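What's in data13.txt: compact mmCIF, C-alpha atoms
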# COMPACT_ATOMS: atom_id res chain seq x y z
CA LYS K 918 0.00 0.00 0.00
CA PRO K 919 1.57 3.32 -0.94
CA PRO K 920 1.55 6.18 1.61
CA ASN K 921 -1.66 8.23 1.87
CA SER K 922 -0.06 11.20 0.13
CA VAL K 923 0.44 8.97 -2.95
CA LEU K 924 -3.12 7.53 -2.73
CA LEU K 925 -4.58 11.04 -2.59
CA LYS K 926 -3.19 11.65 -6.13
CA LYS K 927 -6.27 9.76 -7.35
CA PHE K 928 -8.62 12.61 -6.41
CA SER K 929 -9.60 15.09 -9.10
CA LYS K 930 -8.98 18.82 -8.75
CA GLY K 931 -11.19 20.11 -5.93
CA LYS K 932 -11.47 20.95 -2.25
CA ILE K 933 -10.75 18.20 0.27
CA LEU K 934 -13.07 18.66 3.25
CA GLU K 935 -11.46 19.01 6.64
CA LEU K 936 -13.94 16.56 8.12
CA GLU K 937 -12.64 13.00 7.97
CA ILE K 938 -14.22 9.82 9.26
CA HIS K 939 -11.91 7.38 11.09
CA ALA K 940 -12.84 3.67 11.39
CA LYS K 941 -11.44 0.69 13.32
CA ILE K 942 -11.71 -1.75 10.39
CA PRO K 943 -9.42 -2.34 7.36
CA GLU K 944 -9.90 -0.04 4.35
CA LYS K 945 -11.16 -2.94 2.16
CA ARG K 946 -13.95 -3.63 4.69
CA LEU K 947 -14.79 0.05 5.07
CA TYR K 948 -15.04 0.51 1.33
CA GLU K 949 -17.12 -2.64 0.82
CA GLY K 950 -19.66 -1.43 3.39
CA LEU K 951 -19.68 2.09 1.96
CA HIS K 952 -20.29 0.76 -1.53
CA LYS K 953 -23.29 -1.27 -0.29
CA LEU K 954 -24.60 1.63 1.82
CA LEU K 955 -24.44 4.34 -0.85
CA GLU K 956 -25.76 2.13 -3.67
CA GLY K 957 -28.86 1.86 -1.44
CA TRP K 958 -29.18 5.66 -1.21
CA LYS K 959 -29.53 6.32 -4.94
CA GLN K 960 -33.28 6.98 -4.57
CA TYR K 961 -32.53 9.74 -2.04
CA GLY K 962 -30.72 11.96 -4.54
CA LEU K 963 -27.29 10.35 -4.97
CA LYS K 964 -26.83 10.60 -8.73
CA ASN K 965 -24.33 9.06 -11.20
CA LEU K 966 -22.65 6.84 -8.63
CA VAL K 967 -19.47 5.20 -9.84
CA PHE K 968 -17.64 2.74 -7.60
CA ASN K 969 -13.96 2.69 -8.43
CA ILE K 970 -13.28 -0.39 -6.34
CA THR K 971 -9.67 -0.46 -7.60
CA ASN K 972 -8.81 2.83 -5.92
CA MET K 973 -11.49 2.62 -3.20
CA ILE K 974 -13.11 5.72 -4.59
CA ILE K 975 -16.78 6.57 -4.95
CA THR K 976 -17.81 9.36 -7.29
CA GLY K 977 -21.22 10.94 -7.60
CA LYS K 978 -23.47 13.97 -7.76
CA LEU K 979 -25.80 15.80 -5.38
CA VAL K 980 -28.19 18.52 -6.62
CA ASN K 981 -29.77 21.69 -5.23
CA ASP K 982 -33.55 22.15 -5.03
CA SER K 983 -33.98 24.41 -8.03
CA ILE K 984 -35.24 23.02 -11.31
CA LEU K 985 -34.40 26.28 -13.10
CA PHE K 986 -30.94 27.18 -11.71
CA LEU K 987 -29.02 23.98 -11.07
CA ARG K 988 -26.00 23.67 -8.81
CA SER K 989 -24.37 20.26 -9.00
CA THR K 990 -22.28 19.17 -6.05
CA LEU K 991 -19.90 16.70 -7.69
CA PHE K 992 -17.92 14.71 -5.20
CA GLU K 993 -15.39 11.99 -4.68
CA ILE K 994 -15.04 9.86 -1.52
CA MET K 995 -11.85 7.94 -0.92
CA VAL K 996 -11.11 5.27 1.66
CA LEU K 997 -7.48 5.15 2.84
CA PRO K 998 -5.47 3.08 5.27
CA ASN K 999 -4.96 4.58 8.72
CA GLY K 1000 -2.53 2.18 10.43
CA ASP K 1001 -2.94 -1.54 11.05
CA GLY K 1002 -6.58 -2.56 11.32
CA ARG K 1003 -7.78 1.00 10.64
CA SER K 1004 -8.97 3.24 7.81
CA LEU K 1005 -10.43 6.64 7.12
CA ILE K 1006 -12.70 8.41 4.68
CA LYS K 1007 -11.85 11.67 2.89
CA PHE K 1008 -14.28 13.85 0.94
CA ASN K 1009 -13.28 15.81 -2.15
CA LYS K 1010 -15.67 18.46 -3.46
CA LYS K 1011 -15.11 19.00 -7.22
CA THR K 1012 -17.90 21.57 -7.60
CA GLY K 1013 -20.84 23.03 -5.78
CA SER K 1014 -21.83 23.14 -2.11
CA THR K 1015 -19.55 22.41 0.84
CA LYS K 1016 -22.62 22.32 3.09
CA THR K 1017 -24.32 19.69 0.88
CA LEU K 1018 -21.29 17.40 0.83
CA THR K 1019 -20.67 17.78 4.57
CA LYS K 1020 -24.30 16.70 5.15
CA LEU K 1021 -23.65 13.47 3.26
CA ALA K 1022 -20.49 12.93 5.33
CA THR K 1023 -22.49 13.37 8.55
CA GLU K 1024 -25.10 10.85 7.39
CA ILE K 1025 -22.42 8.25 6.57
CA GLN K 1026 -20.88 8.85 9.97
CA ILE K 1027 -24.22 8.14 11.70
CA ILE K 1028 -24.45 4.71 10.09
CA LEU K 1029 -20.81 3.85 10.91
CA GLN K 1030 -21.39 4.89 14.52
CA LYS K 1031 -24.46 2.65 14.75
CA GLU K 1032 -22.49 -0.29 13.35
CA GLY K 1033 -19.85 0.12 16.08
CA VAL K 1034 -16.95 0.54 13.65
CA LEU K 1035 -15.73 4.07 14.42
CA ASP K 1036 -12.21 4.50 15.71

What does the file become when written as structure tokens?
Amino acid sequence: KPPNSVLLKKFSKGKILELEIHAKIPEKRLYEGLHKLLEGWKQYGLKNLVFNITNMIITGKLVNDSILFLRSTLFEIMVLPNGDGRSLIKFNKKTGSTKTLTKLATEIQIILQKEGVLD
């Protein structure tokens, strides 16, 4: 596994959120659960989901509430190693709303907390 600074090269140009989510499970297990979780949230406004399993990246789109003046929030989520037995999630905002992306981060964190996997 290359260092996290190398792994982060896989993000597109954007703004990496300061909020991170740290888990007590290996990155492969964190990603697998995330993939399953977010696939299930497509009907709730998660658009164009692409699961880059290779790089443990999820890409997708959130939208504002206007049908006339759209504001896409295009995002990338990456899962990275965080020491033996541990991993973390980083959020990259390509475009759009920091508030909207942070909301999604908070919702993921709720589910991880419930599952007892947070670090």

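Nearest to residue K:949 of all the residues K:1026, K:933, K:996, K:925 is K:996, based on only C-alpha atoms.
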
Using only C-alpha atoms, which of K:926, K:919, K:994, K:1000 sits nearest residue K:951? K:994

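Counting all atoms listed in the file, the residue from K:938, K:1008, K:975, K:995 that sits nearest to residue K:1030 is K:938.
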
Between K:948, K:958, K:928, K:986, which one has atoms that come closest to residue K:1021, using all atoms listed in the file?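 Distance minimum relative to residue K:1021 lands on K:958.
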
Within 9 Å of (-11.7, 23.4, -10.8), all atoms listed in the file: residues as a VMD selection string? chain K and resid 929 to 932 1011 to 1012

Which of these, K:1035, K:947, K:997, K:1005, has the shortest distance to residue K:921 once you count only C-alpha atoms?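 Ranking K:1035, K:947, K:997, K:1005 by distance to residue K:921, first place goes to K:997.
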
Nearest to residue K:1016 among K:999, K:934, K:922, K:983, with distances taken over only C-alpha atoms: which residue is it? K:934

For residue K:1013, please output as a ChimeraX atom specification all residues within 10 Å (counting all atoms listed in the file; exclusion window: fewer than 4 positions along the same chain). /K:978-981,987-992,1017-1018

Within 12 Å of (-14.1, 2.4, -3.7) (coordinates as in the file), grab all the protein and nucleic acid residues, counting all atoms listed in the file, and write them out as a PyMOL selection string. chain K and resi 927-928+944-956+966-977+993-997+1006-1007

For atom CA of residue K:1015 and atom CA of residue K:957, determine how far apart the two atoms are, in Å to one decimal place. 22.7 Å

Atomic distance atom CA of residue K:1001 - atom CA of residue K:1034, expressed in Å with one decimal: 14.4 Å

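Separating atom CA of residue K:1002 from atom CA of residue K:1022 is a distance of 21.7 Å.
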
Complete stretch 949-967 of chain K at the level of N, CA, C and O atoms, written as a short mmCIF file (atom, residue, chain, number, x, y, z; two decimals), in the frame of the given file.
data_model
loop_
_atom_site.label_atom_id
_atom_site.label_comp_id
_atom_site.auth_asym_id
_atom_site.auth_seq_id
_atom_site.Cartn_x
_atom_site.Cartn_y
_atom_site.Cartn_z
N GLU K 949 -16.08 -1.68 1.19
CA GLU K 949 -17.12 -2.64 0.82
C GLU K 949 -18.46 -2.23 1.43
O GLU K 949 -19.48 -2.26 0.76
N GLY K 950 -18.44 -1.84 2.71
CA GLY K 950 -19.66 -1.43 3.39
C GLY K 950 -20.19 -0.13 2.83
O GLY K 950 -21.39 0.04 2.67
N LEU K 951 -19.29 0.80 2.51
CA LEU K 951 -19.68 2.09 1.96
C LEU K 951 -20.35 1.96 0.60
O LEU K 951 -21.31 2.63 0.30
N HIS K 952 -19.80 1.06 -0.20
CA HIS K 952 -20.29 0.76 -1.53
C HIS K 952 -21.72 0.27 -1.40
O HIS K 952 -22.62 0.84 -2.04
N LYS K 953 -21.94 -0.74 -0.55
CA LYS K 953 -23.29 -1.27 -0.29
C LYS K 953 -24.23 -0.19 0.25
O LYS K 953 -25.37 -0.06 -0.20
N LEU K 954 -23.76 0.59 1.22
CA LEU K 954 -24.60 1.63 1.82
C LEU K 954 -25.06 2.67 0.79
O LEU K 954 -26.27 2.95 0.65
N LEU K 955 -24.11 3.23 0.04
CA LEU K 955 -24.44 4.34 -0.85
C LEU K 955 -25.21 3.88 -2.11
O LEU K 955 -26.03 4.62 -2.63
N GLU K 956 -25.00 2.65 -2.55
CA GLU K 956 -25.76 2.13 -3.67
C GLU K 956 -27.24 2.17 -3.29
O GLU K 956 -28.11 2.51 -4.11
N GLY K 957 -27.51 1.84 -2.02
CA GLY K 957 -28.86 1.86 -1.44
C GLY K 957 -29.46 3.25 -1.23
O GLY K 957 -30.65 3.37 -0.94
N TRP K 958 -28.66 4.30 -1.39
CA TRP K 958 -29.18 5.66 -1.21
C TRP K 958 -29.42 6.41 -2.52
O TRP K 958 -29.72 7.60 -2.50
N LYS K 959 -29.26 5.72 -3.64
CA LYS K 959 -29.53 6.32 -4.94
C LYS K 959 -30.90 6.99 -5.04
O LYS K 959 -31.02 8.07 -5.63
N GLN K 960 -31.94 6.39 -4.45
CA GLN K 960 -33.28 6.98 -4.57
C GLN K 960 -33.44 8.27 -3.75
O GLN K 960 -34.43 8.99 -3.91
N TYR K 961 -32.46 8.57 -2.91
CA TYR K 961 -32.53 9.74 -2.04
C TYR K 961 -31.73 10.92 -2.59
O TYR K 961 -31.51 11.91 -1.88
N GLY K 962 -31.34 10.83 -3.86
CA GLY K 962 -30.72 11.96 -4.54
C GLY K 962 -29.22 11.82 -4.79
O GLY K 962 -28.56 12.80 -5.12
N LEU K 963 -28.69 10.61 -4.61
CA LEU K 963 -27.29 10.35 -4.97
C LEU K 963 -27.24 9.93 -6.42
O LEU K 963 -27.60 8.80 -6.75
N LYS K 964 -26.78 10.83 -7.27
CA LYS K 964 -26.83 10.60 -8.73
C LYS K 964 -25.48 10.16 -9.30
O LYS K 964 -24.45 10.49 -8.76
N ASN K 965 -25.52 9.40 -10.41
CA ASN K 965 -24.33 9.06 -11.20
C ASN K 965 -23.24 8.36 -10.39
O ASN K 965 -22.06 8.66 -10.56
N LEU K 966 -23.64 7.47 -9.50
CA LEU K 966 -22.65 6.84 -8.63
C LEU K 966 -21.76 5.96 -9.44
O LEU K 966 -22.24 5.20 -10.29
N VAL K 967 -20.46 6.07 -9.21
CA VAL K 967 -19.47 5.20 -9.84
C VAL K 967 -18.56 4.68 -8.74
O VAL K 967 -18.03 5.46 -7.95
#
